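Asks: Here come the first chain(s), positioned as in the complex:
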Amino acid sequence: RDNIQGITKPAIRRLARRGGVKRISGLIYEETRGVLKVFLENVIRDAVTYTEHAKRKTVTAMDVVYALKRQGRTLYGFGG
Amino acid sequence: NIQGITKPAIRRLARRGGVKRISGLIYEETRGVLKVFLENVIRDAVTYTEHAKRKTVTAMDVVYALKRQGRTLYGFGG
Amino acid sequence: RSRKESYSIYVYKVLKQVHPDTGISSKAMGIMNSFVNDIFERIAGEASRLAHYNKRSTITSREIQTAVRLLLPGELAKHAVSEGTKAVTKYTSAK
Amino acid sequence: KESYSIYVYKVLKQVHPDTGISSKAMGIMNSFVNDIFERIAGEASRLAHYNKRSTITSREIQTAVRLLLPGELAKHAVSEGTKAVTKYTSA
Amino acid sequence: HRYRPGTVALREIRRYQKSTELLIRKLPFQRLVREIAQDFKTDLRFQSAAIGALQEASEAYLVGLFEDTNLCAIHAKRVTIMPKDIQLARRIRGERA
Amino acid sequence: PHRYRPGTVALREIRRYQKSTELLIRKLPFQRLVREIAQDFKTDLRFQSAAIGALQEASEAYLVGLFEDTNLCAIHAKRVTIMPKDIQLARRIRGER
Amino acid sequence: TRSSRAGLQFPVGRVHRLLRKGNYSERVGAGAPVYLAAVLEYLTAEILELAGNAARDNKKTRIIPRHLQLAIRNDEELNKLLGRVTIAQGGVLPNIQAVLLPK
């Protein structure tokens, strides 16, 4: 519960600065939280489905790798 | 050459897009981006036909090249 | 004369089931054939990845189920899984 | 379960022979290599099934490398591949 | 007499959202495609259905890219398009580096 | 004292965070949010840490790209202040609805 | 035919053949093509059902592809599925930004 509100405004600030964003409006943060949430929804749904067919109650890094390759947002680094 | 693209054609493209008011340099910019688009498409299409060892590009190869750019189009047997 | 393929008569019958009083154009029938092609291809590719991320080479219906609910969005997918599962029961219950 | 580590070491000593590397750099490299191998191989399988050819020779691999990589990389890769074909075919 | 501007354009938007027929007619489009196709290997023959496929894909492509560009300009507190808008939309999609 | 009417703070920290390498969102609250989303489709699931680190990596990359195109939308808006419908336009063009 | 023995409409053995010649695995099970065929069957049923409603809208009897593109672009999950999909003789949504409507 409420770990969606565990997203801090200075973290959003830091992401804007590495993102290169200078000026920050105030109506941004919860919109950011909602987009991040829907993203992670689709991600973990697909990863857990890959693990559903895996017949193992633990999800691996490889699972999340394969699932994000399925979305085409494909990330290297951890093998897969 | 590339100037076979008429102004009211790109205007009709705005109309089916639903765009109201049109500037000037739009026309030449449009022809350029269309050119690069067709460049990549027909390049890998002729690559397909190169592997086909045949002297006519198939519509199939056009379809598969569109798939290769992730631009999947139905309709013409694909 | 080489014999070519279509799926036209099958989905044609299905259309006649769901709408008896309805015609169709030929090009759209080809479009639906391409539609079946595309969906089948994405499913089969997910099946091959199911194989290689499971290090197995047998294909059963369970893999098809998990492939469909990997590809398709939820509510539609669960209805389709229901249809397929009831068909599995009706077939394999008999011969 | 083999990674490609000493292969990378030998390529590296053939190019910048005074250069170290981290572990996770090697991991990203092998991720890269596997991705490229899978993309080319699947595209070659598409060549087979789109062309009804029951096997795959090197010509399919050449045209697939054309289909994936753009111009300069493609031409230099075709050159290197044919040179390897030549030297392996000679002996 | 004279009509007031903007009206006829939107009326033909309502007209041109109806028929899915091809906007660019055939012969000049064919010449352009042939001319670009000239510089890969000499004088390749063509299937006319493939030409229609190229035409369809090109027109739908450009229409959708116009839609995003138009929405960019609507966001830009303006009504008229700019070439920089096309640059912005393409920079979001990632054609050019 | 040396209060400094602004400009060096933001851009200097941009210079620092682009000299930087590692993450920005710290670990535990992100992990707990992940498990709360995870507790919705199949209960009681266990995880290795590298999966979570990949999730954090790709999450921050996703948001970085959102911020970049949002920044260019703002620059085209002749402003430096961001807006929410900037992000909505960016995700409209990205096809991720 | 197994399709009739499954009480369905798509030919099983053609699909079983295509699974073999697709290099899709090494071996092929018994009822996996039945499940896949039923999936296809419900998918095309839903799609063409909405297409039938689209023809009911225009009061047309023969399906034009414009009906197909419209019914794709109306429903949510279907349009998120076929996002990267276009169709010849497709067209788009009849859509007007009312901020560009005159006053």
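Replies: That came in fine, so what should we check first? Numbers count the residues shown, from 1 in each chain, chains lettered A, B, ... in the order given.
Asks: how far away is residue A:75 from chain D?
Replies: Look at residue A:75 and chain D: by Cβ to the nearest Cβ, to the nearest Å, they are 9 Å apart. Every residue, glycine included, has its C-beta placed from N, CA and C.
Asks: cool, residue G:23 as well?
Replies: Where chain D is concerned, residue G:23 sits at a distance of 7 Å (Cβ to the nearest Cβ).
Asks: That residue: how many residues sit nearby?
Replies: 12 (other Cβ atoms under 10 Å in any protein chain shown).
Asks: Am I right that it sits in a strand?
Replies: No. According to DSSP: H, G, I helix; E, B strand; the rest coil, residue G:23 belongs to no strand; its state is coil.
Asks: Phi and psi next, for it.
Replies: phi 50, psi 40 (degrees, to the nearest 10).
Asks: Please work out how many residues are found near the nearest residue to it once chain neighbours are set aside.
Replies: The shortest distance from residue G:23 to any non-neighbouring residue, by Cβ to Cβ, 6 or more residues apart in numbering or on different chains, is to residue D:45 (6.7 Å). A count of nearby residues for residue D:45, using other Cβ under 10 Å, gives 16.
Asks: which residues of chain G fall in strands?
Replies: Taking DSSP state E, the strands of chain G run over residues G:62-63.
Asks: Could I get the buried residue list for the longest helix belonging to it?
Replies: When chain G is parsed with DSSP state H, its longest helix is helix G:32-58. Residues of helix G:32-58 classed as buried by neighbour count (16 or more other Cβ atoms under 10 Å in any protein chain shown): G:32-48, G:50-52, G:54-55.
Asks: what subset of these is also close to chain B?
Replies: For chain B, no contacts are drawn from these by Cβ under 8 Å from any Cβ of the partner chain.
Asks: please slot chain H in as well:
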Amino acid sequence: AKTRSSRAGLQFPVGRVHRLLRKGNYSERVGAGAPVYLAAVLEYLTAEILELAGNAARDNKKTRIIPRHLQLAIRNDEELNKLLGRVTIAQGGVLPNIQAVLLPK
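Replies: So, slotting chain H in with the rest:
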């Protein structure tokens, strides 16, 4: 030369790749020249990108390649960047993109 790698004068195992093709469900049969050809392409790609890796790591007086080096070397390339457009590196970040509207003038 007993080994085909020595018969090719290269650095990758070819019969590895041939077994990968066989244990791939890729084709039914696989010829003799295709695995050699593909492995040579792979070896060229490794050497080519590791060139930009070597220069990008040498930019900072560090003997070891870090992931930030790899992302920099990719984004400073044109063909590799359009290659890796949908691609993200772990521990990557992005380029210095300081807009001209931002510097104190």
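Asks: Check the neighbour count of residue D:45 one more time with chain H there.
Replies: 21.
Asks: Let me know the secondary structure of it.
Replies: helix.
Asks: Quick check: it touching residue H:27?
Replies: Yes. Assessed by Cβ atoms under 8 Å, residue D:45 is found in contact with residue H:27 at 6.6 Å.
Asks: what do these two both touch?
Replies: D:56, G:23 (Cβ atoms under 8 Å, 6 or more residues apart in numbering or on different chains).
Asks: give the contact list for the residue in chain C positioned nearest to chain A.
Replies: For chain C, the residue closest to chain A is residue C:66, as judged by Cβ to the nearest Cβ, at 4.1 Å. By Cβ under 8 Å, 6+ apart, the contact list for residue C:66 reads A:49, A:52, A:53, C:50.
Asks: Dead centre of chain A: give me the residue that sits there.
Replies: Centroid check for chain A by Cα atoms, centre = their mean gives residue A:40 as the closest residue, at 4.2 Å.
Asks: can you tell if the helix or strand containing that residue touches chain C?
Replies: If you go by DSSP states H and E, residue A:40 is part of helix A:29-54. Yes. Counting by Cβ under 8 Å from any Cβ, contacts between helix A:29-54 and chain C involve A:46, A:49, A:50, A:52, A:53, A:54.
Asks: From those residues, pick the one nearest chain C.
Replies: Comparing the residues of helix A:29-54 next to chain C against chain C with Cβ to the nearest Cβ places residue A:53 closest, at 4.1 Å.
Asks: The closest one: what's its closest spatial neighbour, skipping adjacent residues?
Replies: residue C:66 (4.1 Å).
Asks: Please apply the same query to residue G:80.
Replies: Nearest residue to residue G:80 in three dimensions, chain neighbours excluded: residue C:73, at 5.9 Å (Cβ to Cβ, 6+ apart).
Asks: and DNA strand I, same structure:
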DNA sequence: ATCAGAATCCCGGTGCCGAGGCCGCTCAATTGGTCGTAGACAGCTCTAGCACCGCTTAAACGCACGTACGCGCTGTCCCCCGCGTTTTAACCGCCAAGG
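Replies: That brings us to DNA strand I, laid onto the chains above:
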């Protein structure tokens, strides 16, 4: 508002043409029968995922406060819409051609 009048919609009409019925084939689904190992399953073992807490500390939160980009407004000036006027891409026809 409010009328005149362009612009579009919408209703028989007919025509023509392809969708659909239809019908006689033949080749893959079937049917049945025969090896075989892949995997469903039982079970062993040790790792690692989890939970918990104590200590450290740097990181967030609230507020004080100016302040300065965002914005509503303004004037302005200009340059696309559009309707008019030629005007040239493009197409069926075909008479000399020679030949």
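Asks: Same as before for the nearest residue to residue G:23, with DNA strand I this time.
Replies: Using Cβ to Cβ, 6+ apart, the nearest residue to residue G:23 is residue H:25, at 4.6 Å.
Asks: what sits against the one you found?
Replies: Each residue near residue H:25 by Cβ under 8 Å, 6+ apart is listed here: C:48, C:51, C:57, G:23, G:24, G:25, G:26.
Asks: before we move on, what about residue C:22?
Replies: So residue C:22 contacts C:15, C:16, G:52, G:55, G:61, G:63 (Cβ under 8 Å, 6+ apart).
Asks: Near chain G, which residues of chain E? Just list them.
Replies: By Cβ under 8 Å from any Cβ, the residues of chain E that approach chain G are E:6-7, E:10, E:13-14, E:17-21, E:52-53, E:56-57, E:60, E:63-64, E:67, E:70-71, E:74, E:79.
Asks: Which of the residues you listed are buried? Put it as a PyMOL command.
Replies: To isolate the buried ones among the residues of chain E next to chain G in PyMOL, judged by 16+ other Cβ under 10 Å, type:
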select buried, chain E and resi 10+13+17+20+52+53+56+57+60+63+67+70+71+74
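Asks: So which of the residues of chain E next to chain G are in helices?
Replies: Going by DSSP H, the helices hold E:7, E:10, E:13-14, E:52-53, E:56-57, E:60, E:63-64, E:67, E:70-71, E:74 from the residues of chain E next to chain G.
Asks: filter these down to the ones near chain F?
Replies: Answer for those near chain F (Cβ under 8 Å from any Cβ): residue E:71.
Asks: what's the most distant pair in the ones in helices among the residues of chain E next to chain G?
Replies: Longest distance between any two of those is 36.1 Å, between E:7 and E:53; criterion Cβ to Cβ.
Asks: Quick one: residues contacting the residue lying closest to residue A:45 once chain neighbours are set aside.
Replies: Closest residue to residue A:45 apart from its sequence neighbours, by Cβ to Cβ, 6+ apart: residue F:41 at 6.0 Å. Residue F:41 makes contact with A:44, A:45, A:48, according to Cβ under 8 Å, 6+ apart.
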